Protein chains: 4
Amino acid sequence: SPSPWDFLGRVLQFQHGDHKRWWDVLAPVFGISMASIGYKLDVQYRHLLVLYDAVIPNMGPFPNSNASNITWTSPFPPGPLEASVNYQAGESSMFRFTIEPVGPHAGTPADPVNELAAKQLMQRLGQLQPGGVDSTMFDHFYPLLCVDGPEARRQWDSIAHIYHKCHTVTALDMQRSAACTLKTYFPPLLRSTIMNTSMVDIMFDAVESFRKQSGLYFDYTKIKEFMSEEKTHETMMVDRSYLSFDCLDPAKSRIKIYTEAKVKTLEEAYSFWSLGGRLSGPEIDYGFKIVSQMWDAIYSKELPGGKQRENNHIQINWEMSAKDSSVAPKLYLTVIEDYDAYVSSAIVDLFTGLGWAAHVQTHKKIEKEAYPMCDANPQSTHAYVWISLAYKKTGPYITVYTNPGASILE
Amino acid sequence: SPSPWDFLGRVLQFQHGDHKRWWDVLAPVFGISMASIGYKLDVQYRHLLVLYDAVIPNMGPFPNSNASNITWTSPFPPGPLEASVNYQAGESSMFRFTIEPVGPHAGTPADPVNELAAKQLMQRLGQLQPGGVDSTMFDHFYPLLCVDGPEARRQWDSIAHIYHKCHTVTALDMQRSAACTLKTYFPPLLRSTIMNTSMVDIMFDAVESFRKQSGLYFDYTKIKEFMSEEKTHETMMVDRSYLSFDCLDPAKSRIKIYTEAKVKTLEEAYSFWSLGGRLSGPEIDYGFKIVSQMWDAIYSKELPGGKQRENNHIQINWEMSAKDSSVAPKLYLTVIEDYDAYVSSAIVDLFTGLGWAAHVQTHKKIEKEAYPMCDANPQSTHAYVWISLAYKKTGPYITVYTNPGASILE
Amino acid sequence: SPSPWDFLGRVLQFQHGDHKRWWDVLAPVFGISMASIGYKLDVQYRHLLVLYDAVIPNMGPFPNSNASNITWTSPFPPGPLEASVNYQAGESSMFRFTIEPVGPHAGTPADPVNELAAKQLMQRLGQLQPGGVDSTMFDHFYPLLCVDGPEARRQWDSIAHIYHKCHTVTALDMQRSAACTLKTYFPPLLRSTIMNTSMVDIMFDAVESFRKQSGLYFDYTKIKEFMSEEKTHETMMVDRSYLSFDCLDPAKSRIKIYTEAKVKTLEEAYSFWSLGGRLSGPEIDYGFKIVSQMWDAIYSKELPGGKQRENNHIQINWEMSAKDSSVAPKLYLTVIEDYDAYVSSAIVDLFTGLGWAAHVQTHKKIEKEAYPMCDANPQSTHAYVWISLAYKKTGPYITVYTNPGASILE
Amino acid sequence: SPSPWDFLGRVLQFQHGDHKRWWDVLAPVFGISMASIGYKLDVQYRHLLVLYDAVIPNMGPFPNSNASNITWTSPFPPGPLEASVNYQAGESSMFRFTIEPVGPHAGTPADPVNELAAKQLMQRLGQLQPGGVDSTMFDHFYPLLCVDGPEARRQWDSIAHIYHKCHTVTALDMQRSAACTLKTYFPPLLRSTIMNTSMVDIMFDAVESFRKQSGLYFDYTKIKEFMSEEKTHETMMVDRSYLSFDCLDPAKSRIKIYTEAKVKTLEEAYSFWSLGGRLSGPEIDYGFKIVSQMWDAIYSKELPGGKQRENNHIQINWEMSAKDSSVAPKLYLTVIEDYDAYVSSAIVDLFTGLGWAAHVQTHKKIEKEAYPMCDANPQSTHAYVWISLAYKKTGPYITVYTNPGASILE
Ligand SMILES: CC(C)[C@@H]1NC(=O)/C(=C/c2c[nH]cn2)NC1=O
Ligand SMILES: CC(C)[C@@H]1NC(=O)/C(=C/c2c[nH]cn2)NC1=O
Ligand SMILES: CC(C)[C@@H]1NC(=O)/C(=C/c2c[nH]cn2)NC1=O
Ligand SMILES: CC(C)[C@@H]1NC(=O)/C(=C/c2c[nH]cn2)NC1=O
Ligand SMILES: CC(C)=CCSP(=O)(O)OP(=O)(O)O
Ligand SMILES: CC(C)=CCSP(=O)(O)OP(=O)(O)O
Ligand SMILES: CC(C)=CCSP(=O)(O)OP(=O)(O)O
Ligand SMILES: CC(C)=CCSP(=O)(O)OP(=O)(O)O
């Protein structure tokens with residue numbers, strides 16, 4: 001019997017050819033990932049139909065021979081920034097994928113700031129699951145962190161120098177229950193540039209506004225104190241920081257503060273992991289043990305093409321709970337420019353150490369079926385992009401990000 | 001969680017508005033029928049996507065306020081001729097539905113004979129399940145029984161008087177396995193009219209051609225002998241007869257000869273059931289017991305609107321096996337112009353007598369959910385159209401046909 | 001040879017059935033109007049393709065039997081608020097039409113404020129004519145007068161009582177040169193309600209902001225003085241006022257302040273026409289002569305259905321020039337609930353008095369061909385909606401608005 | 001102002017991505033050709049909308065990187081076999097284009113013979129211009145010359161060895177009046193192969209059938225006599241012959257018999273031009289003078305890549321008139337594998353000799369704008385495919401065929 005993506009691509013009508021190309025590229029990947037996780041055929045159908053109706057129409061142009069049609073400049077290759085499978089204890093695995101919503105004419109004089117794509121995506125997604133998307137947090141943070149179209153157009157000279165004029169990124173957690181949780185990431189770089197204000201200060205002022213406007217405890221003291229220090233700024237690129245929240249009931253949602261850091265040593269990794277020792281506990285220690293393990297497993301190996309390793313690029317988030325003052329970190333090792341073989345082997349060794357044999361097989365299956373380049377090309381550099389590490393009191397929490405449009409790069 | 005047809009209508013893109021209207025009308029019905037049978041959500045998705053891609057684009061215009069857009073004249077209301085659920089022993093239930101493939105411009109000077117709709121439908125269906133549709137029998141019988149476009153256009157004056165210029169009807173058995181078996185019905189009335197030849201003779205000459213060209217035993221002696229008799233012609237409308245075959249491997253397919261008969265008594269029913277006593281056996285006797293039961297259960301009641309019952313309209317088929325000389329009948333009681341309440345009650349009493357309680361509940365559920373008019377309007381005349389009765393050696397075989405576009409008539 | 005709308009509807013593919021229905025209704029009307037004006041076939045093709053790509057996808061649902069699908073509440077019937085032909089001296093005639101951009105799911109929990117429709121329309125329109133749409137004025141006035149989605153959702157309780165939650169209306173002047181000038185109307189009623197601020201004050205503060213931010217003289221002293229008076233408020237509904245500007249180069253654009261007034265006498269008409277005598281000159285006098293002529297020609301006749309005339313509903317604008325302190329009025333007689341025969345006859349008598357015989361014939365032709373109900377039904381109340389009167393130094397300036405979806409009401 | 005194809009591609013919605021790609025390739029070419037001829041913008045719009053609705057959906061897959069999606073094998077590159085501009089005396093120029101209608105799944109088990117594409121194209125074309133397409137001749141010749149799907153499938157083993165299983169080709173004359181005359185070409189090679197019958201005999205038996213069935217004089221004596229001779233068969237490939245007729249009123253239509261011949265000398269050219277001297281007159285002499293001129297102008301030059309010229313590939317038709325016994329020839333010099341520069345220069349010298357300066361400029365303009373490769377690449381071999389020469393009593397009749405998808409080959 002045909003797999004859901006085969007049959008769907010055979011039947012589905014596509015409003016645009018770019019949607020058909022994006023489907024051909026991604027539906028195999030997303031469906032193979034869901035199927036290896038264990039999603040049910042009806043759930044695969046629902047989620048692939050979501051990807052067809054809400055998402056792909058908001059992926060933007062499909063890159064051609066020379067990528068002449070990609071008018072929306074970005075460091076990331078066109079398409080989903082990632083397609084990830086989270087792995088937790090108890091054979092828990094959830095498929096999720098992130099997209100920067102891009103319009104068909106973003107970057108051009110008609111949509112120079114790509115304002116409508118994310119809103120269209122959210123509208124479609126709420127129409128497909130009425131009641132699943134709550135815009136309370138989005139409605140509070142969109143004026144504070146994001147720059148609407150009119151503002152960006154009036155204040156263009158202030159942001160025209162910026163290469164990636166990103167203002168809102170959307171991730172869709174794709175639950176085994178066919179429910180899609182929308183997550184919104186706001187990089188306020190445009191906001192800071194227009195207002196000429198510290199990133200830290202505007203982000204945390206927005207969080208505090210939401211605190212007082214909602215009555216929810218989002219403890220941001222430690223994060224602000226650490227991120228304001230000068231030592232942190234030596235390594236921490238704050239121009240690359242962004243805020244995230246789940247588009248749910250604020251009492252059931254979260255606030256996460258992300259930032260980028262190019263560090264050289266594990267002590268700087270701990271600087272970003274524990275907020276200068278401010279955060280403490282057994283979970284911090286265990287998570288950093290796992291982080292050091294994967295550090296010396298991945299960044300120990302030689303870089304492709306005999307290029308020396310200047311420094312280890314990492315991202316980091318700190319997750320604030322609405323119920324409690326808890327701040328919990330999640331470290332993201334960037335492995336885009338590394339051997340997919342070494343990344344895969346490090347993941348496998350980590351899972352094997354954690355006793356996650358089923359996750360080992362799921363990961364190998366997803367790599368083999370959805371990412372054939374990894375085995376076909378020993379020198380592959382286009383599948384994995386990030387390895388997230390966290391240790392919740394449930395246990396380890398490791399997500400493995402992958403470029404779902406690696407077929408385009410190979 | 002939404003039902004497959006809700007979600008699909010929310011996501012699916014439709015090439016034409018008529019397809020959207022037909023979907024709104026039928027997908028509820030077809031999906032409720034499949035779901036009450038027990039089809040799996042993935043199977044419902046696949047079958048509704050088939051109905052979206054292959055079928056509905058070949059249903060023709062959707063009837064408007066005044067049915068001004070129905071340029072393809074037909075006795076049947078626009079849409080599927082039926083949407084049926086077969087009921088056999090052992091809680092066996094299969095959903096199937098019949099369509100006369102109509103084009104968007106059938107009946108107009110561009111498609112005055114509606115030649116391409118059925119071929120397009122078969123092409124799409126084979127593209128969606130390559131290897132499921134075998135055209136051996138279709139390729140043999142299409143020149144013999146059906147009239148292509150060029151012929152009909154050259155020989156128009158011979159057939160212009162005909163009201164329903166039907167030449168090929170397509171039924172889709174919708175298996176629980178997501179496989180759709182295509183069945184083709186050929187009314188050669190146009191063929192006979194152009195060639196000025198007996199219906200009986202051309203149909204059975206085609207069957208005999210196929211016999212000698214295939215080496216398969218399709219015993220048509222008894223059927224021909226009975227249908228040639230003059231007594232039969234007093235009741236039997238032969239202008240309304242047609243041939244059917246399953247579009248499968250001829251060694252795994254069948255040949256069925258249908259005809260219409262307006263009879264008054266059960267002895268004429270037996271005339272058509274047993275081919276003037278030529279067919280015999282316990283199955284014939286039991287099947288006719290069931291037929292007489294439903295005869296005196298349905299045609300005993302008074303007709304709606306105090307209109308007297310002139311005669312009992314029936315159809316009948318005789319099924320020839322490729323493996324054996326067997327001829328087996330299937331009698332179709334026409335109950336389109338009768339109280340849907342009385343038809344439903346007769347079905348329920350029949351099933352209860354057969355011990356088919358589960359089928360009783362399935363039938364009541366399908367009526368309540370997919371056909372609300374039956375309970376809302378005591379004087380309903382727009383749900384049921386046919387009751388097929390047969391007795392295979394497996395046991396009783398009762399199909400219950402229903403106008404799936406009854407929402408349009410009420 | 002077929003007319004452009006016939007052929008186009010025959011060839012064009014429509015993304016949705018509602019677009020096909022809207023086309024069937026409006027393309028005849030718009031095309032007949034353009035053709036009676038004298039637009040060239042290529043211009044008709046271009047403008048109807050604009051109406052197909054940019055507009056109709058932003059008209060919203062097509063009203064069904066019971067208008068159950070119109071989830072966006074509005075006093076106006078669904079569709080274009082008007083389809084107008086302006087008539088000036090020298091046989092100058094320009095086709096234009098106004099639309100309140102509505103989304104497919106406006107009024108529902110997904111788009112409770114209809115935020116994206118107007119922006120999508122402008123985006124498409126700029127993509128179709130890059131460089132024709134300038135958003136300087138839109139970018140300045142959108143935050144001041146319009147309420148974005150997040151704000152409206154946070155401040156819902158303040159505006160939930162409002163029936164027509166309109167915030168931006170788009171008119172497309174459809175030039176004989178195939179160029180479409182976009183005009184944006186901002187009713188800040190939601191803005192005033194959320195901020196609990198005077199309509200007059202916020203509108204004119206926005207205008208003054210634009211003055212100081214642009215260096216363009218938009219004299220709003222007389223308008224503000226008149227509209228602030230208490231006598232004016234006795235007749236003037238200020239809850240119904242709105243601002244308009246042409247989406248062009250601000251030095252080549254305009255600012256117009258509209259308001260609604262239910263007056264009884266011609267002295268109140270002059271109150272609104274001359275801003276309490278503040279505006280003066282020969283043009284004012286001549287324009288008011290024409291206004292009184294049409295007043296006593298139209299509002300003199302009896303209302304349909306023997307309903308007595310409580311008061312004469314009028315709208316009024318005052319047009320400020322970027323080049324000069326000029327304020328010029330345009331009075332809009334509302335004739336929606338009046339005999340289309342009497343309105344047509346008044347228009348004809350006016351044109352005949354002005355010597356506009358060619359416009360008389362153009363108007364009669366448009367009425368006969370695009371609005372057959374006017375002749376078919378003597379008691380017609382569904383074609384004309386407004387009669388605008390102005391007297392520029394060029395000469396008289398009379399626009400005649402018509403419900404282009406009158407086919408739906410009759 | 002944008003050109004019709006620019007604006008149309010900006011607005012039009014495309015049912016499939018292949019249609020969008022084909023549009024991007026061809027609409028520029030077709031529109032530039034029409035515009036250089038002098039077609040009016042409304043006519044360009046109508047004809048490009050025809051190419052969008054009827055044709056491109058019946059061009060088949062768009063060739064990808066490796067032409068893996070071209071499942072319908074053919075000697076010709078995918079797309080229109082040609083896009084031609086006929087040039088006659090008096091600055092008379094018409095654009096016409098030929099297409100072999102291919103389905104989206106032609107060559108696959110679903111449409112192994114590509115049966116529905118041509119019929120769909122004719123249906124759409126008649127729907128767009130009801131009364132323009134007359135199927136009398138098509139209805140007579142389709143059973144005689146063409147092989148339907150069922151026959152080809154039953155008789156597959158007889159034709160499976162054939163590489164190009166072509167059975168019907170459609171050309172659209174695109175008149176300056178926006179009317180599209182459909183022309184159907186029937187290569188009966190499949191018919192002859194299945195029936196194992198001479199091409200000559202079946203073609204001319206069909207023509208004679210039509211004669212007796214219509215009362216129209218189609219003199220085929222000379223053509224049959226010549227084509228039956230053995231000397232002709234030494235050069236004449238009869239496996240490559242085909243019949244053509246205009247899909248109009250038979251009394252206003254024509255019958256043309258085409259064949260392919262690989263000849264070496266001008267005396268063989270005259271053999272095919274005059275039917276072994278059977279045809280005579282001043283027109284024959286003048287036409288052959290022009291043919292010899294272009295022979296020694298084009299085939300005199302060296303072949304690209306230093307490949308020696310084995311023989312001169314030509315096609316030839318003989319046009320029979322329904323009104324008269326006239327047989328008139330049209331010789332087609334095949335110049336696909338020759339320098340587009342030399343072909344263009346020969347065309348220019350010919351036109352200059354004929355006094356057709358305006359045609360010279362039209363041809364150079366079409367080459368420069370629609371075929372930039374000719375000037376950009378001196379060694380171009382992908383623009384011109386045929387040069388037709390005829391001499392009607394009106395005067396010379398020279399058509400210049402060009403691969404409209406040359407952008408794909410370069
Ligand atoms: C796109 C960037 C401007 C910005 N920075 C990131 O690296 C990022 C990636 C990401 C991966 N999964 C979720 N978000 N998110 C952002 O918002
Ligand atoms: C449509 C008629 C011309 C013709 N006669 C019928 O009554 C018929 C109905 C049917 C119901 N289920 C399957 N076939 N089939 C036919 O071919
Ligand atoms: C409530 C709104 C519809 C608001 N009110 C109006 O009467 C109006 C109509 C209109 C006709 N032509 C142009 N505008 N414009 C608006 O913005
Ligand atoms: C496609 C071939 C099977 C066959 N042979 C040809 O060369 C031909 C080309 C053509 C150019 N313009 C019109 N016809 N036509 C045919 O039917
Ligand atoms: C890997 C990057 C840069 C972003 C991470 S977002 P996430 O997807 O890690 O969020 P969760 O906390 O896993 O929901
Ligand atoms: C009820 C009518 C008129 C047609 C019957 S066809 P069928 O659907 O009975 O065929 P099967 O023998 O059930 O496959
Ligand atoms: C008739 C109503 C209510 C609105 C008028 S807008 P307009 O269309 O009169 O604008 P112009 O000044 O004619 O451009
Ligand atoms: C040259 C190719 C091979 C076929 C020629 S068809 P045609 O376009 O020349 O037909 P006309 O006689 O020009 O109508």
Side-chain angles (χ1 to χ4, degrees), chain A residues 17, chain C residues 1-14 27 31 40-53 128-129 178, chain D residues 1-59 62 79-80 82-85 93-99 101 121 124-129 132 170-182 365-366 369-371 402-407:
Chain C
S1 177
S3 71
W5 45 102
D6 297 6
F7 178 78
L8 279 179
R10 291 211 295 259
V11 295
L12 291 178
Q13 300 301 122
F14 290 92
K40 296 194 278 266
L41 297 163
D42 56 293
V43 177
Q44 299 179 40
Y45 270 104
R46 291 185 59 176
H47 282 330
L48 290 158
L49 292 155
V50 169
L51 164 80
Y52 156 78
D53 209 59
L128 306 183
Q129 46 165 10
Chain D
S1 177
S3 71
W5 45 102
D6 297 6
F7 178 78
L8 279 179
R10 291 211 295 259
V11 295
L12 291 178
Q13 297 307 120
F14 290 92
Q15 180 251 299
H16 202 275
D18 280 347
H19 313 172
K20 181 42 174 159
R21 301 190 266 278
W22 279 128
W23 179 269
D24 294 339
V25 176
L26 302 163
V29 186
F30 292 9
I32 291 157
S33 312
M34 289 200 250
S36 312
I37 292 163
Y39 285 23
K40 296 194 278 266
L41 297 163
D42 56 293
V43 177
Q44 299 179 40
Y45 270 104
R46 291 185 59 176
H47 282 330
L48 290 158
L49 292 156
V50 169
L51 164 80
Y52 157 78
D53 209 59
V55 178
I56 279 170
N58 296 294
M59 263 172 220
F62 183 88
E82 54 99 312
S84 58
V85 179
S93 289
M94 204 197 293
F95 183 67
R96 14 205 240 74
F97 86 92
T98 306
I99 186 171
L121 165 53
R124 300 298 292 164
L125 191 73
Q127 193 263 321
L128 306 183
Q129 46 165 10
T170 70
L172 279 173
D173 289 12
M174 307 298 276
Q175 278 81 239
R176 213 175 287 251
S177 64
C180 313
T181 288
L182 183 63
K365 187 184 285 190
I366 295 168
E369 296 175 354
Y371 298 102
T402 45
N403 191 7
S407 299

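Chain identifiers are assigned alphabetically (A, B, ...) following the order of the sequence lines, protein sequences preceding nucleic acid strands; residue numbering begins at 1 within each chain.
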Output field: ring centroids D:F95/D:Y39 closer than 6.0 Å: no
Measure the [atom1]-[atom2] distance between [X] and [Y] for me, rounded to the nearest 0.5 Å.
X	Y	atom1	atom2	value
D:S177	D:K40	OG	NZ	9.0 Å
D:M174	D:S84	CE	OG	11.0 Å
D:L182	D:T170	CG	OG1	6.0 Å
C:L49	D:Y45	CG	OH	6.5 Å

Tell me whether [X] contacts the main-chain N or O of [Y] through its side chain, where contact means a donor paired with an acceptor under 3.5 Å.
X	Y	value
D:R176	D:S93	yes
C:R10	D:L128	yes
D:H47	D:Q175	yes

Taking all non-hydrogen atoms of both residues, which atom of [X] and which atom of [Y] are closest, and how far apart?
X	Y	answer
D:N403	D:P80	OD1-O, 3.8 Å
D:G9	D:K20	O-NZ, 3.8 Å
D:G405	D:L26	N-CD2, 4.1 Å
D:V25	D:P28	O-CG, 3.7 Å
D:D173	D:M94	CB-SD, 4.0 Å
D:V85	D:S33	CG2-CB, 4.3 Å

For a 4.5 angstrom cut-off between non-hydrogen side-chain atoms, does [X] reach [Y]?
X	Y	result
D:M59	D:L51	yes
D:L125	D:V50	yes
D:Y371	D:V29	yes

Using the six-membered ring wherever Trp is involved, compare the ring planes of D:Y52 and D:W23 and label them parallel, tilted or perpendicular (cut-offs 30° and 60°). perpendicular
Please step through side-chain contact (heavy atoms from CB on, under 4.5 Å) for the pair C:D53 and D:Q13, ending with a clear verdict. CA-CA 8 Å; C:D53 209 59; D:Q13 297 307 120; 3.1 Å; yes
Should the pair D:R21-D:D24 be classified as a salt bridge under the 4.0 Å nitrogen-to-oxygen rule? no
Walk me through whether D:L48 and D:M34 qualify under side-chain contact (heavy atoms from CB on, under 4.5 Å). CA-CA 10 Å; D:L48 290 158; D:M34 289 200 250; 4.2 Å; yes
Walk me through it: do D:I99 and D:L172 pass the test side-chain contact (heavy atoms from CB on, under 4.5 Å)? CA-CA 8 Å; D:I99 186 171; D:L172 279 173; over 6 Å; no
Residues C:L12, C:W5; criterion side-chain contact (heavy atoms from CB on, under 4.5 Å); working and verdict: CA-CA 10 Å; C:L12 291 178; C:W5 45 102; over 6 Å; no
Trace of the salt bridge (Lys or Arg N to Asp or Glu O under 4.0 Å) decision for D:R46 with D:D42: CA-CA 6 Å; D:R46 291 185 59 176; D:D42 56 293; over 6 Å; no
